[PDB]
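K.L.:
Sending over a structure as C-alpha cells; questions will come in a sec.
Coordinate-derived values only; no laboratory data. Every residue, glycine among them, receives a Cβ derived from its backbone with ideal geometry; neighbour counts consider all protein chains shown.
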Amino acid sequence: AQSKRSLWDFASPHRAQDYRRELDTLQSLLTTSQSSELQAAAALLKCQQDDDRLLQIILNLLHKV
Amino acid sequence: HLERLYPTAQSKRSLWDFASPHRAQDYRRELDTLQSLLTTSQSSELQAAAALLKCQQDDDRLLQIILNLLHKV
Amino acid sequence: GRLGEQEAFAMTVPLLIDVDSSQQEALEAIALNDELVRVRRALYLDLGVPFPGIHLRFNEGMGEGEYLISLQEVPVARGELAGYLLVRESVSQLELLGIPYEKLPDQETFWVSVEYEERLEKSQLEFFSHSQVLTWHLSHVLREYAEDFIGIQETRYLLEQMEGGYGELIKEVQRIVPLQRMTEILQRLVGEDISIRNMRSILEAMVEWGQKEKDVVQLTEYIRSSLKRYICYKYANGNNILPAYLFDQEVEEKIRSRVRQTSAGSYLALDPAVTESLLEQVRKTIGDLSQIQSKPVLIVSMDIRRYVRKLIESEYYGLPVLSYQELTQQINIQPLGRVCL
Amino acid sequence: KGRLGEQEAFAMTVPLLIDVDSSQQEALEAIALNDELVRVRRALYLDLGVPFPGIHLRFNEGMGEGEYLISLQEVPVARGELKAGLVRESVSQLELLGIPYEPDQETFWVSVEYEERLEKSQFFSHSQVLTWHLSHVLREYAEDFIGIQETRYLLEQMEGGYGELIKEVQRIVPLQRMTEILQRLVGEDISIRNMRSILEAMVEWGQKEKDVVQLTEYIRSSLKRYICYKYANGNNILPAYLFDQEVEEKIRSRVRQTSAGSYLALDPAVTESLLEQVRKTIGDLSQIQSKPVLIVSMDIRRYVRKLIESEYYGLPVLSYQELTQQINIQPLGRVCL
Amino acid sequence: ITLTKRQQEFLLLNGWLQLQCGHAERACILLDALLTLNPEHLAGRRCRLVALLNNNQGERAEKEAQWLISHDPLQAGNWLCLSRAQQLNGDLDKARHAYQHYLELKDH
Amino acid sequence: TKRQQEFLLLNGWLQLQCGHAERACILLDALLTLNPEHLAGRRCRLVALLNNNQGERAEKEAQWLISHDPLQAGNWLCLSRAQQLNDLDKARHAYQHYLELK
C-alpha cells in the first residue's frame, strides 16, 4: 500500500553506455583485498561479468541485418 | 535548410578559419616527386615525412588496383 | 459513457510532446508554433522523409521543466531542462572557466543564468533557449528515428504527390517492384543519412536495377551507387577531396566469408572473437578522433558495405561506410590509413 | 503555411538551379540574363536533342559578390567565383606578356579599359562565362536529363508525325531499354535529334539483339554518315589510331557477360601496359588538333572507350561498322603490342 | 637547400587534411618538414598552430603563436592560439587578456 | 572510490529492487565498510534488512541513522518494522513518532 511505497521511497536513491570497464577495475581492486566481504562482492561481480560475457556472445551471434 | 540552427562552437570555427588555407592526376605526380625528393635527404623529420609519403603512395597504389579491377560498361 | 457501446476505438497519436505546465502561457507567443514547423521543414528538406503531425500538450502532473518526446505513445526522449532561467551551453569547457560563470543526448551541456547572457554573447557562444533546446531534441529524435516514419502509407502518399510530375515513371516502377520492397529500400537509405528528397534518380535506379536483383541488400546498394555525386558532395570536404579509411583485401575477404544468405536476411555472423579482433584492429588503425572534424568516411567493397556498417555501428555511429561504386570520378581519395589484419 | 497538423506539404526538388550572388539583380541583366540562357540551351539541344529541363535562376545575398554555382537536382556540380565584378580571355599565353597583363581553359582576367585594344588584338562577358559553364555542365551531364518521362514525352510529341513507327518500336523494345540506349548514345555526343533513323534502327535490330551494348552498337552503326560528318571536318579524311589485332583479341578475351553488366576486367598490369602502349603511340594529344578519332572493332568499341575514358576523355572511339564508304581513313599510327 | 615549387602547397593541403582528420601528429610532421625546408611560408605555421593545439603541446603552440603575433598584423587569429595554448599550460589571466583582445579586435 | 561508490549504490539499489536483497545487503555492507560517510547505502540496506527478516541488526542500523541523520522521517518506519520483526508497543511508539514528523 502507501506504507509499502513509502518504504520503497526511503530505500530509493548517468545512464546507457556508462556501464564500462569501471566494473572490471573494481573487481580487480577487490580481488587483491583479503576482506571476506570484498571477496563475496568480487565473486558476485565475476558472476555478473560472465553472465554479461554470455549475453554479449549471444548478441554477436544474433545481431541483425 | 541544412540544419543551420547550430552555430557549431564559434571558437572552433575561428580556429578552423585560421587554419583554413583540386586536380585529378597532379596529386599522384606531386606524391611521386616529393617522395623521391625526400628520399635523398638525411634529416629525421624529412625521413618521417618521406615514410608518410611512401605510405600514402602505396595506399593509393592499392586503391588504384581496386579501381582497375572494378569497372562498369 | 453508455455501458452498451463497444469500445469507442481511437488510434494512437504518432508523435507526442508532453512538457510541464507553468509554460502554457509563460512560453506561448515565443515561437513554439513556428519554430517546430521550421525545424521539421528544414529536416524534411535535408532528408525528404514525410514526418507526421506533432501534438503538443501541457501537462501539470509532472514537475516544472520536464519535457518528453514519445513516438506512438511510448516515450523515446525524456529530460528535465536549470532550464527555468538557466540557458544551456554545448561547448562548455575550461574556456567556460576562463569566463567564470556558474555551470543529455546533446554535447557537453552546462547551464548559465540570464544575467550572464550579455557578457557571454559578447564572447559569441551558444545560447539555446527553451525553444532551441526543445527543437534540438526534436530534430535529434526525428533524425535517429526516421525509419519509423516511412510506412506503406507514406510511400504511397509520396508516389501520389508525384503522379502529375512523372506518371509513366511511377507506373513503371510500381510494375517493377512492390510497395513493400520500395518502402524497405527507402528506410535503408534514410538509415544511412541518405536523402530521399531527390526521388527522380531513386525511381530511375529502382527501374534500372529492380529487374536484375531481388535481394533487398544488393538492390539498395545499387540505388546508393546511383547517387554518386550526391554522396560525394554530402561527405567530401574541401575541393574534390574525400577522406578514406580503405580496408585491406584480407579483412574484406574475412568479412565476406560469412555473409550467410540463408533466410533472405543475410546476417553477418562470423565469430564473436574474430569480430572482436577485427574491431580492435579498426580501432587501433582509425583511432578515435571524435573531437576532430571533416567527417572521415570508411570506403569498402560494395557487396559487403552494409555488412561492414552494422559491424561498426555499435562503436563508430558517426563514421559512414561507402562503396567503391558509390564514388563518382574526379575525386582525390586520400587514404588516412589501411585497416590491416 | 505549415501548421503542426499538416503532414509535410511535399514539394519536388528543382532539377537545375543556378545560384549567383546578389548585387547583380539590377547591376547585371543589362544584356539578357534571361534570353542568353534559353539561347544557349536551345543551341545545345539542337546540337544534341536531349530535352533539358527548366532553369531556375535565383539571387542569394548570403554568398559573396561574384560567386555563381550550378547545381543539378539541388546538388552543386559547378561552383566558381568570377572576378570580373574585369572580363576574361581563354586564349591567354605568353602573347599576353606583349600586351596588358593579368574552366578547363587558359583563364586570365583583364580590365575593361583594355577591351578596345584587346579587340584590336582579337571576350567572355559575365553572361558568356555563365553560359559557358552552363553549356559545359549540360553537355557533360546530359545522361542525367534523359529519364523515362522524358523519353515518353519525346515519343508523345512525335505521335502525329510517325505514329506506326512509334507503335512498332514500343511493341518491339520496352521503355527502359530504349531510354538506356538513348542515354548511351548521348554519352558519346551522338545527337538524338534525328529520331527517325534511331527509331528505324531500334525496330530493325531490337528483334535480333537483347544485350544493350550490342543493340546500341548497331544503332550507332545505323548513323554512319552522321558519325562521318561529325568526326571528319575535312574532305573524306578521317584521322585514325587503329588498333592491332592482338590488342583487340586481348581486350575481347575478358568481356565477362555474366550478370548483364558486361564488365571489362583484365589484369590491372595488363590494362596498365595497354594504356602505356596507347599513350606512347598516340602521344599526349595536347598539341594535337583536328580531333583525331580512335577506330576499333565494333564488338569491343565501348569496352575500349571506357578503358581510355580516364585519360583521353576527348578522343572518341568508333566502330569499323560505323564507318561509311567514300572515306579516306588516314592511319596516324597503329597501337602495337 | 632544396626547393619549394608548387610542392609547398601540397604539404599544406595534406597537412590540412591530417589536422582535420584526427592525425595531429602527421599534420605536425608534414608542416614541420615544410617549415624546416622552406621556413618563409606563413599559412603552414597557421595550420601547425591549430595542429599543436589539438596535439596538446602548449609550449610549442605558444611559441608559434608568439612568432605569428610578432609577424602577422592585426585581426589575426593569433590571439586564440595563445589563449588556448597558455590556458592548457596554466596562466589563465594572459589567456583572458588574449580573448578580450580578440573580442575587441573582432568588433571592427 | 568517488565515482565507483555510485556504481555500488546503483547496483545495491537495483538488487534491492529485484527480490534478492542478499546481494544488495552484501554490496551495501562493503560500501559502508569502505565509505561510511555515504549514508544512502545504509538507508537502502536498512530496507534490505527489513525485507530479509534480520530485525536485530536493522534496529541498530536504524538507531544509527536516527541518531545521526534526523533529516529523514523514514528512519522511524524501519525501526518500527525491525521491532515488528522481533515489541509491538515500541513499534506503535515509533509509528506515532513518524506520524508526528509527517
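K.L.:
Provide the FRET efficiency to the nearest 0.05 for the residue C:290-residue B:45 pair, computing r from the beta carbons and using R0 = 22 Å. Mind showing how you got there, number by number?
P.N.:
Values: r = 28 Å, r/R0 = 1.29.
For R0 = 22 Å, the calculated efficiency reads 0.20.
K.L.:
Same structure, new question: With a bin width of 10 angstrom, please list the P(r) values of the stretch F:53-94 as percents of all Cα-Cα pairs, from the 0 bin to the one holding the largest distance.
P.N.:
35, 56, 9
K.L.:
Further question: In Å and whole numbers, how far do the C-alpha atoms of the stretch C:267-341 stretch along each principal axis, longest first?
P.N.:
39, 30, 21
K.L.:
Going by Cα centres, the stretch C:74-128 and the stretch E:35-88 are how many Å apart?
P.N.:
Taking the Cα centre of the stretch E:35-88 as reference, the centre of the stretch C:74-128 is 29 Å away.
K.L.:
While we're looking at this one, here's another question. Under a Cβ-Cβ cut-off of 10 Å, what is the net charge of the residues other than residue C:239 that fall near it, where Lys and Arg count +1 and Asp and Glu count -1?
P.N.:
+2
K.L.:
Taking a point 7 angstrom from the Cα of residue B:24 along the C-beta vector, which residues in the stretch D:298-335 have backbone N less than 19 Å away?
P.N.:
D:302-318
K.L.:
Helix E:43-55 against the longest principal axis of chain E: what's the angle in degrees, Cα atoms only, rounded to the nearest 10?
P.N.:
Its long axis makes an angle of about 70 degrees.
K.L.:
To test your reading of the geometry: what angle, between 0 and 90 degrees and rounded to tens, separates the Cα axis of helix E:24-37 from the longest principal axis of chain E?
P.N.:
70
K.L.:
May I ask you to work out the translational diffusion coefficient for the protein assembly as shown at 10 °C, viscosity 1.306 mPa s, via Stokes-Einstein with Rh from the Kirkwood sum over Cα pairs, reported in whole µm²/s?
P.N.:
Answer from the Stokes-Einstein relation: 46 µm²/s.
K.L.:
Residues of the stretch D:122-153 with amide nitrogen under 19 Å from the 7 Å Cα-to-Cβ point of residue D:99?
P.N.:
Inside the label zone: D:122-126, D:128-129.
K.L.:
Could I ask something else about it? Largest first and in whole Å, what are the equivalent-ellipsoid semi-axes of the stretch C:212-341 based on the Cα gyration tensor, each being the root of 5 times an eigenvalue?
P.N.:
For the stretch C:212-341, the ellipsoid semi-axes come out as 23, 20, 12 Å.
K.L.:
Right, next: Can you pull the semi-axes for the stretch E:5-107, root of five times each eigenvalue of the Cα gyration tensor, sorted largest first, whole Å?
P.N.:
24, 15, 11
K.L.:
Taking the Kirkwood radius as the inverse of the mean 1/r across Cα pairs, report the Rg/Rh of chain C. Before the final figure, lay out each step's value.
P.N.:
On the way: Rg = 23.6 Å, Rh = 23.3 Å.
Ratio of gyration radius to Kirkwood radius for chain C: 1.01.
K.L.:
To continue, here is another question. Where nothing but the Cβ of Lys and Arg (+1) and of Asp and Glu (-1) is charged, how large is the charge dipole of the stretch D:130-189 around its Cα centre, in debye to the nearest 20?
P.N.:
140
K.L.:
Separate question: Quick check: net charge around residue D:322, other residues with Cβ under 13 Å of its Cβ, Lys/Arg +1 and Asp/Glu -1?
P.N.:
+4
K.L.:
Moving on. Assign unit charges at the C-beta atoms only (+1 for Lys and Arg, -1 for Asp and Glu), then state the dipole size of the protein assembly as shown relative to its Cα centre in Debye, rounded to the nearest 20. Could you put the intermediate results ahead of the total?
P.N.:
Working: 114 positive and 143 negative charges, 463 e Å.
The dipole magnitude comes to about 2220 debye.
K.L.:
Also, I was wondering about something else. Using just the Cα positions, wrap chain B in a convex hull and report its mean projected area in square nanometres, one decimal place. Present the calculation step by step, with values, prior to reporting the outcome.
P.N.:
On the way: hull surface 37.7 nm².
Directional mean of the projected Cα hull area for chain B stands at 9.4 nm².
K.L.:
Please sort C:40-46, D:92-98 by packing, taking for each peptide the average over its residues of neighbouring beta carbons within 10 angstrom, highest first.
P.N.:
Ranking the peptides C:40-46, D:92-98 by packing returns C:40-46, D:92-98.
K.L.:
Apply the a/c threshold of 1.5 to the C-alpha gyration tensor of the stretch D:149-213 and tell me whether it is rounded, prolate or oblate.
P.N.:
oblate
K.L.:
FRET efficiency for residue D:275 and residue C:84, Cβ-Cβ distance as r, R0 = 51 Å, nearest 0.05?
P.N.:
0.15
K.L.:
Listing E:47, D:336, F:25 from the residue with the fewest other Cβ atoms within 10 Å to the one with the most, what is the order?
P.N.:
So the ranking, lowest neighbour count to highest, is D:336, F:25, E:47.
K.L.:
Ok, one more. Taking the Cα centroid of the stretch D:295-313 and of the stretch D:1-28, what is the distance between the two, rounded to the nearest whole Å?
P.N.:
42
K.L.:
Quick one: pull the percentage of alpha-carbon pairs in the stretch C:42-182 with a separation above 17 Å.
P.N.:
70
K.L.:
Across peptide D:168-175, how many C-beta atoms of other chains are within 10 Å of each residue C-beta, on average?
P.N.:
Per residue, the average neighbour count from other chains is 1.
K.L.:
Counting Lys and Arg as +1 and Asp and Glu as -1, what is the net charge of the other residues whose Cβ lies under 10 Å from the Cβ of residue F:3?
P.N.:
-2
K.L.:
Then there is this: Using helices alone, what [θ] at 222 nm do you get for the protein assembly as shown, with -39,500 (n - 2.57) per DSSP H run of 4 or more residues, divided over all residues and rounded to the nearest 500? Please report the intermediate quantities before stating the final value.
P.N.:
On the way: 43 runs with 520 residues, N = 1026.
After summing the helix terms and dividing by the residues of the protein assembly as shown, the value is -16000 deg cm²/dmol.
K.L.:
Let me ask something additional. What is the calculated FRET efficiency for residue E:101 to residue D:108, with r their C-beta to C-beta distance and R₀ = 51 Å, to the nearest 0.05?
P.N.:
It comes to 0.80.
K.L.:
Which of the listed residues, D:181, D:216, D:195, is farthest toward the dipole's positive end in the stretch D:144-250, when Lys, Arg count +1 and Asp, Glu count -1 at the beta-carbon?
P.N.:
Projecting each Cα onto the dipole axis, the largest value belongs to D:195.
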